Structures are given as structure tokens and as C-alpha cells.
Amino acid sequence: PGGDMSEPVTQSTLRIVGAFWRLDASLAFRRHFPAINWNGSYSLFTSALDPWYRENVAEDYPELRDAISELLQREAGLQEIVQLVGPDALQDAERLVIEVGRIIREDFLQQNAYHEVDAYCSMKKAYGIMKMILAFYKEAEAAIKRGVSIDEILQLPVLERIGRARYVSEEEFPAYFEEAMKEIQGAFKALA
Amino acid sequence: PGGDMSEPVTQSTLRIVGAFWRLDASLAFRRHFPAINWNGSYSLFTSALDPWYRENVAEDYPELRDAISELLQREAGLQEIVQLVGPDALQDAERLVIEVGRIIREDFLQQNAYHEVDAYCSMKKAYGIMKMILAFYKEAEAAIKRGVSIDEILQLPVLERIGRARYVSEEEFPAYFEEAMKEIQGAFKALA
Amino acid sequence: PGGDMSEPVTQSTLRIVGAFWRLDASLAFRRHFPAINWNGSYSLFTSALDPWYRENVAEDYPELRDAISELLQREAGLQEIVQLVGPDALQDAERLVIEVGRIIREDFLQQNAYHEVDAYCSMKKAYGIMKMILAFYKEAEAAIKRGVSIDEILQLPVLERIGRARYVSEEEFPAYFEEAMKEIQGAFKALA
Amino acid sequence: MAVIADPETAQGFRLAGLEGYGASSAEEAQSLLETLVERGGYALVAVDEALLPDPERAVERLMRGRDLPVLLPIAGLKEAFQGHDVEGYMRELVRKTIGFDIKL
Amino acid sequence: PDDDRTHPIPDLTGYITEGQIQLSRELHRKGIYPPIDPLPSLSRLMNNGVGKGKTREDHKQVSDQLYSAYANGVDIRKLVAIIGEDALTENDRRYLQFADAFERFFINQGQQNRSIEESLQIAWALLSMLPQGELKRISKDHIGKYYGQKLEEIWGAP
Amino acid sequence: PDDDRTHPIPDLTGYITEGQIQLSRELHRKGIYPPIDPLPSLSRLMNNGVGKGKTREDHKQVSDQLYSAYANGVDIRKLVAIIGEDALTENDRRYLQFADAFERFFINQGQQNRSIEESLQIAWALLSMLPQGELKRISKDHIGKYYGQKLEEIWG
Amino acid sequence: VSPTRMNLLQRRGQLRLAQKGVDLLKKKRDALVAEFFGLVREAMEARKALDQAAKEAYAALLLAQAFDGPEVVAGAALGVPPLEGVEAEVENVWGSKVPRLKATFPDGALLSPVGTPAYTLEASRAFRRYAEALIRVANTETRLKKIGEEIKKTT
């Protein structure tokens, strides 16, 4: 009745369900759809489903999803500092993970149900998007370790290519993924 | 029973009466009478009586009443900040609003029913008091823009004249009103 | 039920009993026993036992009892300020009151019901402990005005002798009391 | 205003028209500032960082009741020729003030 | 009954109806009629009725932009009372002035009868106070077609 | 029961009687006797038996001024717990000290017997701490007649 | 607090007021931090200007000691009456009052305008400029250190 989880129906439901997706009013106010809160939610079928994923999707999938979960967890721990001091005063070592968290939240978690091609997503397309995001994170971390400034990294055109990965067609995706994976290495190799 | 305003008799009466004068125990504890709760009281006969007031009291009486209501509403909206950061954290104009609201509450609304003179007040005396208060408020607001501090303004001797206009007799009020209106000009035109 | 003191049984009992000993869960779950809430408790037999106390323990026993009660009251008053402003903003005089209150709470009030010595306490042993604590407080108050900091006083080894005093048996206490008083007087004379 | 340093530069402050005193040790500097705080008229004291890196810390138990004299750490005498990083001192200052040790 | 939205009568009403329009007490005490508060109000079926071919085609984006801008301005209007107007940024002053003029003109219409085109014209006149390019929710065609109208069309003709 | 004023027995009692005298546990904890809390207390028939020719001509105005000053002191006490004492102006500290002295001298009297003249003298001594311009509810003639006492001369 | 419906509604209103106050205080802290990070740049610039002035002053002093002689420098300094008179006017920053020192030092307060030891005169000029840089640095630091504790109090 009021968006509170102490209501008796919710308390009686959560005792027996195997998964729990909690929608948030704060995300719906910002038009971030789906409004699933990825902190309060949980699931209990991941371990049992792990043998199926590594045969039908890819061998690396269960040990690739947890890297993105770790990236999302590291972003949440920095909120007490970003709220106090603006993002431009942070060092590059955590400004990078802030930018990667934004990229994840706006290119992978967000999905439009009214779009023509974004309404449905197969598993291999999501796996390719995760691979591209993690490749970008690794290359950007290495370039930061070289000594380049983060301003030149965020100007790279490949960030728009990751942004367009949602709307690419389901059968056009295998060529787009290969082109993006070549382009990202070509761009980050040419950096100072 | 127990001051519970959700009593069935109170709720039944609330849906058929045209006016509602709610009393407060907190105001009665500090001996502030008639102790009408301004925040939870209303009247539905205000709009229909406006042609009578213009004919019998003054042509600008509804404007003065609305102007007083605006000051009371603004004071009510600012007390949520005073209870949070103290009264001394506000700006100069907000302090002026708080002080004028205190003047209105202490001098206009309050009335002693056992005093010889203050027990009965005609309409024109109340109109004169409202005119005096609004003139003082406008002059103080103008003097704020000249750089004069707020704590200097409340030391003026014209505040005693407003604060004791209640006890003037009915037939002596016309001279007192015109003396106070001249003292208002004599105060702010020489302060700075 | 659930520690709710407003339940009918407690309220019916409080109307006839002459003494009310209130236990607190805030003290029981950090192992401060006997966990009596000394602020909410009361006794109505205190004034009628003074003629017995004046001749069976000492003539100045009620004076020391009142002098300790007022110190506890002042410490309780200062805690609300020290929990909002920090322990540094207090004066050294208030720091002394806080430390004396802590000594009282952790030495005199606290009692172990399973220790072979601390399980029982005669009246004269408690009287001696109260005298030692008040003498220490008086000497420390006199030393503050001489320019000695609170840091030097708390490192004096004579406060350990006060803390260990309750574990002294009934047979050894009359000599331990004299030794501790002499040590207090010597140590506060030699210090600065 | 007062300024304390080694005697190799004390006469220069008098040449500037300002009171200046010589001190060659941390003990001498602390005794001189303890003499200066009980003195009046001093609105500013400059203390060399070589003698005392924290001029305002050393007076804190006497400075709780007053706010007029300001205290400022100044550059060293031999250290001024080779210079020092003012942007490294700002890191320590911002660490003291906001605590996060984060500055870009 | 007590401005309580947890009472059974308003609670069960929201389970059956397709939205709500909520009146505001502080708008009523400030002399504004009709005192409809745009923040808690909601219409479930608005998207089907508005749009091209049944009204003007800029309806939905204009409504969303008005909602966002007013929701931004209402908190700056409270922050000003502590930090003072001269300490705000420029866009904060723009939002504060917009939130004042919105309540002054768009809501307080009195007994006037306004067509949909007149209301859209007033809404576009208010949006011209905000700098162009701050309107993230409106497409470029509508901005190029309707932006730049003066507020004097209703200011000088109340 | 449970020091609740809205229990049915106190409520139905107060709806019939001509007033009440309410004790305060907070005053009792501090050793003040008798622990009468003046703010919730009330007497309806006060206006009939006081005034000129009955007790004294300045009874009611003094009674009202004490209530207003004590209420302001209590509000300042509440505000101190949020903003701290050092941020107070002198005007608020005056009311704070008035409330403290009021509790320690006017309410706390022990077993001694006071005539009405002694009580009015103590009340006028307390009101002399405040500025003369803040006595809004007292007529100027009574202020000229009685203001200017000192509390310490009665006991020292 | 007696349990009634009216008290429950009042408690709900109090909770909403506290929820609004938290965000209002966070906005105030954001404004304070925005001021602080703008003031730190001015502090750094004043500090490096003071460092440059100190370097040139000591470079002049070392040469002036050699050319004029230490006893001449000592005697010249003893001929000027030192000044402690400054205008410690108060300044307002978020309600608190801070000292903002202003020097009442005139350029004519030093004796012997006939500078036959010209190096000593140049050292005096350099040291006057160094003192001006030092008081500017102090005037920035006194505001910075108080803005920091305002941020701490708000937090």
C-alpha cells in the first residue's frame, strides 16, 4: 500500500520464494527502467544453473558475471566520497571505476521494453556486451597505469560503440561485436 | 476525549459546519488566548462577505487581510528551518519575516477577555492595527536594502506604540493611529 | 511483555509498593550488573532510616550518600553535551566530573554476584569506598586550580587502589582503607 | 607582528620595521612562543617550519580562550634557496581539514 | 479525513481508479486558484489521448519538461532561504525564477476558460525563460519551431 | 497511570473540576519541593478572588508575566539542546537564567510558610532580572511602583 | 507519548520534516565544499608568491651582509622603530567572524632616507614586500581553516 516491505503479504511471500526482484521508486523517478534495485535483490539458483551456462553460452560466463558484480559493488562503496566531494577531485584510479559503473548502468542494465529491438535480448548478445565492457576496463586501467590522463580516455569514440550495442539487430550482432573488439584494441594501442 | 481530534463526533461535525475554530492546548499552557490554532482552522464564508466589507469597512480591507495571511503562511513555512539550524542561521529578510510574524502573533491575534478595554474590538480598530503593522513591515523591508541590520531595527521605540495599541479606547484610537503612522515615517527616515 | 512498563500489572503494582527497583536492558547486554537504572528507581524508606544510619554506621553517612547522588546527577547532565560536542570541548573541570562518575559507576555500583569476595558487602566497607572516592574527588578538584592538567591526574597509580578495593575481604579492609587514604594524601601532595 | 627564526635572519625583520627574535632550537622556539602568547599586542607570529612545523598546535591549551594572534609556518632559511613543493604541503593541509587524502 | 492518504477511503479508491488530482493547502493559502499541485498528481491514461492527430504533437515532451523543471525549482526555493540568492549559480537562479513564474501564471488562472492551444502557448512562453539547450526532454524540431516566445503575451494580457 | 494526562480518569476529572494542580517528576528528581509544574496547572476561579481590594492591584498582571517569561525560558532550554549553549544571544541567556532562578527560588520553598506579600515580593524580585521594556503584560504604573528589587538582599 | 491517531499523524509529519532537512543540509554542504575547493587555489597561488619573495629577499640579504658588513646591517636595523599596529578587522564567513589583518605600516616609518649602504636599503625594500606577501597568505589561510570546520560541523 505504501511501498513498504513490512506489509504482511510481502513478509509472507518472501519466506517461500526462490528469487526476489525488488523495484525501487527512486530509479523510476529518474526514468531508469527496469527499476530493479540490484542491492536488495537476490537469487538462489545461480550455483545450480552454473553447469548449464558453461556448456551453452561460454566457458567463461560464470567467472565473467562475477567480475561485473564486483565492479558494481566497488562503485557503491565510493558514494560516501562522491556525495562529499565532486567527481573531478577524485584520482584516476577510482574515477575510472566511476565511469565504468556509469557505462554499465546506462548500457547493460537499462533496457527499453517499447523499443523494436531492445525489447528482447538473447544470452550471447549480453555475453558479448559484458566482454566488451570488461575489455574496455582492462585497457583503460593499463593506459592509466602508463600515465595518461583520464580526460583523453573518455573522449574515445569507442564509448559510443558500446552505447549502440543495445539497439543493434540480433543477427547483425556477431559482426558488430568483432568490429568493436578489434577497434578497441586498435584505439587503445595508439594511445600515449 | 483526550484531545483526540479523530473523535467520531468531531468528524461528524466537521463535514457540515461552515466555519471551524480549532483550539490548541500548547497555546493555552503558555497563557496565549484565545489560543485559536491558525494552522488547522478555516472559514467558508470569507468570499461571500467581501462586498459587505468594501461598503462598510474600507475599500482595501480584503487586500490587507490577504496580505496578513501571506505573512503568516511565510512564517509558518520558515519555522521548519529554525527548528533545524537555529534562528541565527537565516538571512536578514527571513529574520525580518520571523520578527514581523512574532509581532503579529503577540499584538494582533492575542486578546484578553478580562481587560476593561481589550475585551471588545470593533472592525475599524482592527483595520487600523493591520494597516500599522503592514506599513511597519514595508518600511523595515525597504530599510533592509539600505544595509541596516535587523537587530538595529527592533530597538526602535515605534515597536512599543504598535505593541500597546490594543489597550487604547475606542474613542481615543483615531488620534493614536494618526500619531503612530507619523511616528513610522519619523523612525525609518532618520535611522539611515 | 517486551520490557513495556506501561502494561497493567506493573502500573497496578507501582501504586502500593514502597520501593521500585528498575532494571535496564541497556546495561544487561554490555555486562554491567546488577544493571539497576539509578535514574528511574526510587525508594520511600530513605528518610525514615536516617536515625538508624547515624548511629550504626557513621554520623556523616547521609551527607556522603547525597554528595555521591549529586555527582551522578551532574555526570548524567554532562553526558548529553559530551555526546554531541566531543570529549575535547569540555573544560578540565567537567572532564574531572566525567572521570569521577566513570570511576563511581565502574567501582561502587558494579558488583559481581559470583566472585567469592565481591558477593557480599558490609555497610562499613561501602562507607569506606565512598569516603575514598570523595577524598580523591576533593584532592583532584583542588589540584585543577593549581594548574595541573587532567592528563597527569588520571595516570596517578592511586586510582588503581580504589578500583581494586571492592575485591578486598572484610577482614583486610580496615587496614587497606587507611593505607589507601594515606597514599591518596601523599600522592596528591607530591604531585606538582 | 612577531617572527622567530635563526639569528642569521633576525636582523632582517628589524630592517623591515618588524619585531624579530632569534631562536636556534625547538626548545628555544617553544619557550619564545610561550613568552609571546602571554604577551599582548602580538597579532601575528611567523614560526619557521624547521624549528616548529606546527606553530598553532604548540599553543593550543592556552589558545582555547582567545582568537586574536594568528600563527603561520614559514619557509626555512637554507631550504628557501633550493625551494620546496607548495603543492605537497597543500595535500597535508587538505588531509588535515577534510580527511579523505583525496586531491586532484 | 485528516489529509491522510493511508485512510481506507482514499487507499481503496486508488486501487480502482486510473490516477489522481491532488489539491494543495499551501497553494490555497497563498491565494492561487485552482490549487492543483502538479507533483503528486498523476494520470495513467495520458499517453493514449495526447499525441499527433488528436492534439498538438509536442504535448508529452512539454509536459515532461515542465514537471522536471518545477521539481528542480521547488528545492532551490528552499535552499535560497539559507544560503542567499547571490551564492547560487546562474542556472539555479533561472530555475528559481521559473518556479516563481510558473505558480504566478500557469496554475493561478482564476475563472478563465483556456483552450488547449492557449495553455500550450503559455507553457512554451514559460519555457523560454530557461536557456535553450537545457531542455533535454524536447526534440530539436519542436525547439526550433516554438521556442523564443515572450511572456508578455499573458503578462500584458492577464 | 504512567504519568499520562490523556488517561480517561484524569481527562474526565479535568472536564468537571475547576482546575488542577499537576506535579512534575522532572522537578522531583532535582530535589525541588513541592514539585509543582506551573505550566499544566490551572485555576478557573482565580479572577473572582484577586485584584483591587482583595489581595493587591498587581496580582493578575504579575501572574501573567511570570507565565510568559517561563514559557520563553522553556523554549530556549529546548533550543539549546539542538544548537548548543554558546550560540545564544544575551536576550536568550537572560530568559535561561530567569528560568533557572525561578525553579531554584520560587517553586522550591520547603516546609516554610509564606504570606502572599512575601510571594509577590519574590516574584517582583525575579522579574527585575529582565529588561524593563520586555514587561509587556504589566501596566506602566505598576512597573514604576514596584520594579527595581534585588533578590540577594532578602537572603544575604 | 499517548498512542492516538492524531499523535501518529504528527509523528509522520515529523519524519517527513526530518527527511527534507537531511537533503537541505546536504545541499548546504555541497555549496560549502564548492567554496572550499575554489579558495584552496588562491591559497596555493599566494603561498608560491610568498616563496618567490622569500627567495629573492634572502638572495639580497646574503649579498648585502657581505658588501655592507654585519655591524652596519645590525646598526641600520636598530634605527627603525618596529610596529605592531595592525587593523584586525573582523570578516564574516557563514555567520562566524574571522580576523582579516590589514597593515597600518607606512613607507615613511623607516629612518635614514639617505641610503649610502644601498644594499641595506634594497634588502629593506625586499623584506617589506616579503611581509606584504606573508600577511596576504595569512589572510587566505584564516578563511580556509574556518571553512573546513564549518564543513565538519555540517557533516
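Residues numbered from 1 in each chain as written, not as in the entry; some residues may be left out. Chains lettered and ligands numbered in written order. Part of a larger assembly, values for the part shown. Heavy atoms only, no water.

- This entry, as listed in the PDB, derives from cryo-EM and reports a resolution of 2.85 Å.

**Considering the pairing of strand β1 (residues 86-93) of chain G**
All names here are of chain G.
Part 1: Pairing of β1 with strand β2 (residues 96-103) involves eight bridges; the strand directions are antiparallel. The partner of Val-93 across the bridge, within β2, is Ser-96.
Part 2: Linking β1 to β2, which pair antiparallel, is a turn of two residues; within it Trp-94 sits at a positive phi near 55 degrees. (Pairing = 2+ DSSP bridges. Helix = DSSP H or I, 4+ residues; strand = E, 2+ residues; numbered from the N terminus.)

**Comments concerning a nonpolar patch on the surface**
Part 1: Together, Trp-21, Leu-23 and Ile-36 of chain A line one region of the surface with nonpolar side chains, adding up to about 380 Å² of accessible area.
Part 2: Its place among the elements puts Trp-21 of chain A in the loop between β1 (19-20) and α2 (25-29). (Patch = residues over 30% accessible without salt bridge, like charges linked within 9 Å, V, L, I, M, F, W, Y side chains within 5 Å. Areas by Shrake-Rupley, 256 points an atom, 1.4 Å probe, with all protein chains shown as cover. Salt bridge = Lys/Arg side-chain N within 4 Å of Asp/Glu carboxyl O.)

**Let's talk about helix α4 (residues 61-85) of chain C**
Residue and element names in this part refer to chain C.
Part 1: Taking 1.5 Å of rise per residue, the 25 residues of α4 would be expected to cover 36 Å, and the 36 Å separating its terminal C-alpha atoms lies within 8% of that figure.
Part 2: At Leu-78, α4 shows its maximal kink, close to 25 degrees.
Part 3: In this fold, the buried residues of α4 make contact with α3 (50-56), α5 (92-109) and α6 (123-144).
Part 4: Phi turns positive one or two residues past the end of α4, at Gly-86, with a value near 95 degrees. (Expected span 1.5 Å × (residues − 1). Bend = angle between axes of the 7 residues up to and from the residue. Contact = heavy atoms within 4.5 Å.)

**Observations concerning unusual backbone geometry**
Part 1: In this chain, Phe-33 of chain A is followed by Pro-34 of chain A through a cis amide linkage whose omega measures 0 degrees.
Part 2: Tracing the backbone shows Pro-34 of chain A in the loop between α2 and β2 (42-43).
Part 3: One non-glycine residue, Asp-3 of chain F, lies in positive phi territory at about 55 degrees.
Part 4: Checked against the element boundaries, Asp-3 of chain F lands in the segment before α1 (8-14).

**Overview of the interface of chain D and chain G**
Size of an interface, as often reported, equals the accessible area lost when the parts are brought together.
Part 1: Chain D puts 41 residues into the contact, and the matching count from chain G is 40 residues.
Part 2: Of the roughly 3600 Å² buried between chain D and chain G on both sides combined, carbon and sulfur atoms contribute 72%.
Part 3: The largest per-residue losses of area from chain D upon contact with chain G belong to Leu-15, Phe-81 and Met-90 of chain D, which jointly make up 18% of the total buried on that side.
Part 4: Counting every contact that joins chain D to chain G gives one salt bridge.
Part 5: Here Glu-56 of chain D makes a salt bridge to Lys-145 of chain G, at a shortest N to O gap of 3.2 Å.
Part 6: Counting every contact that joins chain D to chain G gives seven residue pairs in polar contact.
Part 7: Contributing elements (two or more residues each) for the side of chain D that touches chain G: α1 (7-15), β3 (44-48), β4 (70-74), α3 (79-82) and α4 (86-98) of chain D.
Part 8: Of the residues contributing to the side of chain D that touches chain G, the split by class is 25 nonpolar, eight polar and eight charged. (Buried area = accessible area lost by both parts, 1.4 Å probe. Polar contact = N/O pair within 3.5 Å; in protein donor to acceptor, adjacent residues only side chain to side chain. Nonpolar A, V, L, I, M, F, W, Y, C, P; charged D, E, K, R; others polar.)

**Describing the interface of chain E and chain G**
Part 1: If you look at the interface, chain E gives six residues, while chain G gives four residues.
Part 2: Around 630 Å² of area is buried between chain E and chain G when both sides are counted, 81% of it from carbon and sulfur atoms.
Part 3: Broken down residue by residue, the surface that chain E buries against chain G is led by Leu-79, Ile-82 and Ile-83 of chain E, which jointly contribute 51%.
Part 4: One can count zero salt bridges joining chain E with chain G.
Part 5: Across the contact surface, chain E and chain G share zero residue pairs in polar contact.
Part 6: For the side of chain E that touches chain G, the per-class residue count stands at two nonpolar, no polar and four charged.

**Focus: the pairing of strand β1 (residues 2-5) of chain D**
Residues and elements named next belong to chain D.
Part 1: Neither face of β1 is exposed, since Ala-2 and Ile-4 on one face and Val-3 and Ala-5 on the opposite face are all buried.
Part 2: Pairing of β1 with β3, which is carried by three bridges, proceeds in the parallel orientation. Across the sheet, residue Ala-2 finds its bridge partner in β3, namely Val-45.
Part 3: Pairing geometry for β1 and strand β2 (residues 20-22), over three bridges, is parallel. Within β2, the residue paired with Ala-5 across the bridge is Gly-22.
Part 4: On the question of chirality, the crossover connecting β1 to the parallel β2 by way of α1 is right-handed. (Buried < 20%, exposed > 50% of the residue type's maximum accessible area, 1.4 Å probe, protein only. Right-handed = clockwise from strand over helix to strand, strands pointing away.)

**Observations regarding the side chain of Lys-103 of chain D**
Part 1: The residue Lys-103 of chain D is located in the segment after α4 in this model.
Part 2: We note that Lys-103 of chain D is buried and unpaired, the nearest opposite charge coming from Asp-88 of chain A at a distance of 11 Å.
Part 3: Ignoring anything within four residues of it in the chain, the contact list for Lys-103 of chain D reads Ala-89 and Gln-91 of chain A, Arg-91 and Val-94 of chain D together with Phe-37 of chain G. (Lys, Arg positive; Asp, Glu negative; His and termini not counted.)

**Looking at the packing of aromatic side chains**
Part 1: Considering all chains together, one arrives at 30 aromatic pairs over all chains under this definition.
Part 2: Ring plane angle 35 degrees and centroid distance 5.0 Å describe the contact between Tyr-70 of chain F and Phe-102 of chain F, whose orientation is recorded as tilted. Residue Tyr-70 of chain F is found in helix α4 (residues 59-83), and its partner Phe-102 of chain F is found in helix α5 (residues 90-107); the two are separated by 32 residues along the sequence. One exposure class covers both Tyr-70 of chain F and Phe-102 of chain F, and it is buried.
Part 3: Plain terms: the ring middles of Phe-98 of chain F and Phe-102 of chain F are 5.9 Å apart, the flat faces sit at 35 degrees to each other, and that makes the pair tilted. Of this pair, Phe-98 of chain F and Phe-102 of chain F are both found in helix α5, four residues apart, which corresponds to roughly one turn of the helix.
Part 4: For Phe-98 of chain F, a relative accessible area of 0% gives the class buried.
Part 5: Each member of the aromatic cluster is reached from another via a ring pair, and the members are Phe-13 and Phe-81 of chain D together with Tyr-58, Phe-127 and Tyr-130 of chain G.
Part 6: Over the ring of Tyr-67 of chain F we find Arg-31 of chain B, and its NZ or CZ is 3.8 Å from the ring centre. (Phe/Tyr/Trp six-rings, centres within 6.5 Å; stacked < 30°, edge-to-face > 60°. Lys NZ or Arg CZ within 6 Å of the ring centre and 35° of its normal.)

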